[PDB]
Amino acid sequence: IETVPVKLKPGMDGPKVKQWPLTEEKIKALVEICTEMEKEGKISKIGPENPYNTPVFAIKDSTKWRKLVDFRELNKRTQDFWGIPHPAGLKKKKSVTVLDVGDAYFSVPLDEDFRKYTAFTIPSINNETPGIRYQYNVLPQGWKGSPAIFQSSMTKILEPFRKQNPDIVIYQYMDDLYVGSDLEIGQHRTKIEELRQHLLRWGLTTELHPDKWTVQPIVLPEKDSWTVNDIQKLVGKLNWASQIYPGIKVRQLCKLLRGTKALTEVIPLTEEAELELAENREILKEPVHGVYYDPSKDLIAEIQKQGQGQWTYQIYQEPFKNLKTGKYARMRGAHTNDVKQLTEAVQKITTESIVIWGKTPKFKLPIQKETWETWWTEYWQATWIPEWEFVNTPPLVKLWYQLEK
Amino acid sequence: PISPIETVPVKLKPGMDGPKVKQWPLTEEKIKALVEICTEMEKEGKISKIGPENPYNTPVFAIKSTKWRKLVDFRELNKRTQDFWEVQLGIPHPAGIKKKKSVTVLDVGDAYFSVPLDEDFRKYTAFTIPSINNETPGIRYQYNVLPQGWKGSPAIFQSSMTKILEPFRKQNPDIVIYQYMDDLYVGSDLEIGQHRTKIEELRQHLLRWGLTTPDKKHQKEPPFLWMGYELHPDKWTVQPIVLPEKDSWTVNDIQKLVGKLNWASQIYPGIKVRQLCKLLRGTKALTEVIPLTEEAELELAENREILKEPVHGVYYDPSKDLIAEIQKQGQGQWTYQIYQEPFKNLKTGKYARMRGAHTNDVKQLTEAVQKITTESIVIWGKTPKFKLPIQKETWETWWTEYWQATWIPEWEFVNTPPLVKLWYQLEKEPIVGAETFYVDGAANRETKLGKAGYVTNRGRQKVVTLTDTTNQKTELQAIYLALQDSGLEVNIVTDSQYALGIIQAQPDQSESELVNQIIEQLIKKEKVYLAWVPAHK
Ligand SMILES: CCC(=O)NS(=O)(=O)c1ccc(NC(=O)COc2ccc(Cl)cc2C(=O)c2cc(Cl)cc(C#N)c2)c(C)c1
């Protein structure tokens, strides 16, 4: 077709992110994939007068490798195109399926003036040789500008299946398509092939249940007898929960902690303490009132390492005002790898944010930058990449959330 | 001699214009010598005599072969030239090179001058040869080729070189060619006569594109003296390092000596600089003279002997295993050797004391493993199998319950003491039968006095006033007293947020003298339970 002019944001220069080192196997796969793309005119080699750069790497499913480009920096510096809105229905469905449509993009030429900004580098081993430089001639996968510039074409190709199915909902984000229905699994799945074959007919491809993502309740411990230690730990968590629910009281329990009693000594709960403990439980039976999502604010996702393979998390915009909270557990075959578990949690959580709000949250990761950067790619599978920062989990937040039900 | 090579389109930074600095007048000698040179360059088609038009200009100097040599200061032009793709700053490491039957090193002589400049950019490199008598115009020239000392030259030359080799590489898949600055290191497993034949092929393919080169005699022969190493065909070694010998050492002398010694620590084992570093205390000037103590003398004398040791390396075989072994030489200091077979090291190294506010040996080991791993992927595009001095249970007991995500690639245990262990472990529950200390601390952060103390269920109490102290310090000192005055088992109640940190991390090393004292005391107890409780009424 033709190319629509595209610019960076005022005063923004192009990305110059350094390429991280890669294993011999990933380099060989990238060399193979790129020599093919070059032959088809998708990408071309470039000269030294191009100083920009975006990092690239290689992910899997079983046999072949897929190329993944991190255009996070280019995306930020890329102008705005205000894409489609967000169907408040998609999130309310019953079953959503994700489809990779990145192949669609290779058929549309990228404005020649913008091409240089997509430069990337395949590194070598031991510095033996300079990297192999390339830039895109066509809409690249992962750049926010692609889905947008292909919108008119995507609506045109989805219209028939859409008019045919007034009920089902389709929502697009980056390279993926999120389709949901209320049908019956069998009819749902087979109804997807109908869509895929329709996509196959142009060039595109060769289970999530939103009605289960519900904020979890904090349940307090229950005991036959209570020791001084028991009462101190209960009082510490409640003292924190008060930051969320102002009606929680600890005066009665705290009165039971006067004196200097051995930590193991048993203390009889007075009637007052009894009531106070009961009012607090009653308050905790529901999420706190007043929390609503603001579109002019960033979405934040925090994760704590609970141990024994469990990982808790919260999504919010303002402190103590959670939009969603949950617990993700280690799955079959990760019993010795924290990194693999964290990457699985991030993707799962990022996916959830997309379905509900149409954007990805900013993550606070309880891991060291070096440890994360050296291995996160080993287990990534999404076409997209969220933003992230590394933190130092406060001992309390952790203690309170493992109290979840 | 010039090349048929396509030119690279170059541009000036957004907005600014070509340079216009005036020509620094020179004597009649230096002028006549420049005229000589610039006349020969005109013959070779390297520069072009120009006229009126060109408004730009760059200063030209004359320096001294015992003759004169041209020098053009492009400092200004450079700051007006666009940015280019960063020329690589990584240097291959001999531990990651594959052994070859034959190796020929070729340096492209007059690299730069041999490559054409973007025709639309030449005008910006105009310079002027003065004249004895002023007021007379002077000779005007501009560059037709990559100028020596110009910002873009290294990058444009490297790129060109790459384009010219692509075909040859595609035709000879088994041949390996290293590119470094304007040097090619070519290697094969062909029989010496065949190799020499393929080399001459390459040489003529380069000559074809204008790049001239060293033939068989006017060359370089092994062992090759490259970046501080000596490469032989069956192995490699490091160029011997020499420590001066004087009766009078200045502060500067000591700092350079300390540096060389520090570097040598990667390769040699027992290199020490403690007593020599002690020499810099309170120094008042670089040129100051510091007499050497006995210790410092012995230290230095001992290092000279170590440096005369034959440390050699071996090259990489992609058919054998890659293995790395680690040792804890001291708190926070580790040594490592990466090898393929017992006693044949590919490379060695040492990570200096990584101190801080607080960590634990198991943590530092983890970081050493990650640094070595990032290093291995760069060198060999692969991760080694580790041999760590730590019980599988210690690891499993730490990572299992540590608040931070952590991991070690595929490894194996090796009982080569001292092993890395957990120095202590807080109880998961209160201790039945052990005294319970209720500790508190507070102090005027202004007067820096204040106090901290405890009171137990058994009746024991105490309070100490601290002159010139702080908040966190009173809290910590509180905990410290309890640990000191208690028996082999204890329960400790504190409202300190910091102790809460000690619960989540359980460190064994720290900057703070206090924390240290606490750690020492925590390691002594047989059982310790630490509990945190909110402060206010
Ligand atoms: C008397 C026998 C003899 O010396 N044989 S030989 O042909 O000269 C020969 C053959 C291989 C080797 N070397 C090897 O096997 C391993 O080394 C190499 C393996 C492959 C390649 Cl392409 C180069 C080298 C280098 O020695 C080398 C590397 C770098 Cl980055 C700079 C310089 C630099 N500068 C040299 C040597 C040192 C000499």
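First the proteins, then the strands, lettered A, B, ... as listed; each starts at 1. The figures here come from the full heavy-atom set of this structure, side chains too, leaving out hydrogens, waters and symmetry mates.
Contacts of B/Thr162 with chain A are made by side-chain atoms alone, with heavy-atom separations under 4.5 Å and no backbone atom involved. Interface remark: A/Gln368 contributes backbone and side-chain atoms alike to the contact with chain B (heavy atom separation under 4.5 Å). Residue contact with chain B, scored on non-hydrogen atoms closer than 4.5 Å, involves the backbone of A/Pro394 exclusively. With a 4.5 Å cut-off on non-hydrogen atoms, B/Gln497 does not touch chain A at all. Contact of B/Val493 with chain A is made through the side chain alone, with heavy-atom distances under 4.5 Å. With a 4.5 angstrom heavy-atom cutoff, A/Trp372 does not touch chain B via any of its atoms. For A/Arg258, no part sits under 4.5 Å from any heavy atom of chain B, backbone or side chain. Residue contact with chain A, scored on non-hydrogen atoms closer than 4.5 Å, is absent for B/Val10. Within the 4.5 angstrom heavy-atom criterion, no atom of A/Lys255 approaches chain B. When heavy atoms are compared at a cutoff of 4.5 Å, A/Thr374 approaches chain B solely by way of its side chain, counted from C-beta outward. Proximity to chain A (any heavy atom under 4.5 Å) is restricted, for B/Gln504, to the side chain, taken from C-beta onward. With a 4.5 angstrom heavy-atom cutoff, A/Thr121 touches chain B only via side-chain atoms. Only the backbone of B/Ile91 comes within contact range of chain A, judged by heavy atoms closer than 4.5 Å. Looking at B/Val8, the atoms closer than 4.5 Å to chain A (heavy atoms on both sides) all sit in the side chain, from C-beta outward. Contacts of A/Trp375 with chain B are made by side-chain atoms alone, with heavy-atom separations under 4.5 Å and no backbone atom involved.
The six-membered or imidazole ring of B/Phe121 lies near that of B/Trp150, with a centre-to-centre distance under 6.0 Å.
Contact count versus chain B (heavy atoms, under 4.5 Å) is highest, among A/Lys305, A/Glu24, A/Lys26, for A/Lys305. Among A/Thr129, A/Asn337, A/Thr371, A/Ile125, the residue making the largest number of heavy-atom pairs under 4.5 Å with chain B is A/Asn337. Between chain B and the options A/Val235, A/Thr393, A/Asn239, heavy-atom pairs under 4.5 Å are most frequent for A/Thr393. When the candidates B/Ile408, B/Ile377, B/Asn491, B/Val455 are compared by the number of heavy-atom contacts under 4.5 Å with chain A, B/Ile377 comes out ahead. Note: A/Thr336 leads A/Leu22, A/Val391, A/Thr336 in heavy-atom pairs under 4.5 Å with chain B. Top candidate by heavy-atom pairs under 4.5 Å with chain A, chosen from B/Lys163, B/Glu401, B/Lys11, is B/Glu401. Ranked by heavy-atom pairs under 4.5 Å with chain B, the first of A/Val228, A/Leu257, A/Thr264, A/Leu263 is A/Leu263. Note: A/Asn392 leads A/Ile46, A/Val250, A/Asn392, A/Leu342 in heavy-atom pairs under 4.5 Å with chain B. Looking only at heavy-atom pairs under 4.5 Å with chain A, the residue among B/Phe437, B/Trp532, B/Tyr529 that has the most is B/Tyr529. Contact tally against chain A (heavy-atom pairs below 4.5 Å) for B/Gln88, B/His93, B/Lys382: the top residue is B/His93.
For the 3.5 Å distance criterion, the side chains of B/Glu435 and B/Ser486 fail to qualify, holding no donor opposite an acceptor. For the residue pair B/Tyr180/B/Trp226, the side-chain donor-acceptor check at 3.5 Å is not satisfied. Counting only N and O atoms by type, the side chains of A/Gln304 and A/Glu302 include a donor and acceptor under 3.5 Å apart. Between the side chains of A/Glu373 and A/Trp376, no donor-acceptor pair is found at a separation under 3.5 Å. Side-chain N/O atoms of A/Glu404 and A/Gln402 include no donor and acceptor closer than 3.5 Å.
Between A/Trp388 and A/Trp380, the angle of the ring planes goes over 60°, which puts this pair in the perpendicular group of the 30/60° scheme.
At distances below 3.5 Å, at least one donor-acceptor pair connects side-chain atoms of B/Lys170 with backbone N or O atoms of B/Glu166. Put simply, the side chain of B/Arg169 gets close to the backbone of B/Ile177: a donor and an acceptor are under 3.5 Å apart. One N or O on the side chain of A/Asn280 and one on the backbone of A/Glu276 form a donor-acceptor pair closer than 3.5 Å. A donor-acceptor contact shorter than 3.5 Å is absent between the side chain of B/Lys527 and the backbone of B/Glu489. The closest donor-acceptor contact from the side chain of B/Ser160 to the backbone of B/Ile156 lies under 3.5 Å. The backbone N or O of A/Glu49 lies less than 3.5 Å from a partner atom in the side chain of B/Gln82, making a donor-acceptor pair.
Contact annotation: the side chain of A/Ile122 approaches that of A/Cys34 to within less than 4.5 Å [non-hydrogen atoms, C-beta and beyond].
Taking CG of A/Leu253 as the reference point, atom CD1 of A/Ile231 lies at 6.5 Å (rounded to 0.5 Å). The structure places NZ of A/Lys45 at 13.0 Å from CD of A/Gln135, a figure rounded to the nearest 0.5 Å.
Contacts of residues 50-57 of chain A with chain B at a heavy-atom distance below 4.5 Å involve A/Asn50, A/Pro51, listed in sequence order.
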Please determine whether salt bridge (charged side-chain N to carboxylate O under 4.0 Å, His left out) holds for the pair A/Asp338 and A/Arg330, giving the CA-CA distance in whole Å, both sets of side-chain angles, and the decisive distance to 0.1 Å. CA-CA 9 Å; A/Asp338 277 348; A/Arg330 170 186 86 71; over 6 Å; no
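Both cation-pi conditions hold for B/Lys371 and B/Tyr351: the charged atom is under 6.0 angstrom from the six-membered ring centre and inside a 45 degree cone around its axis.
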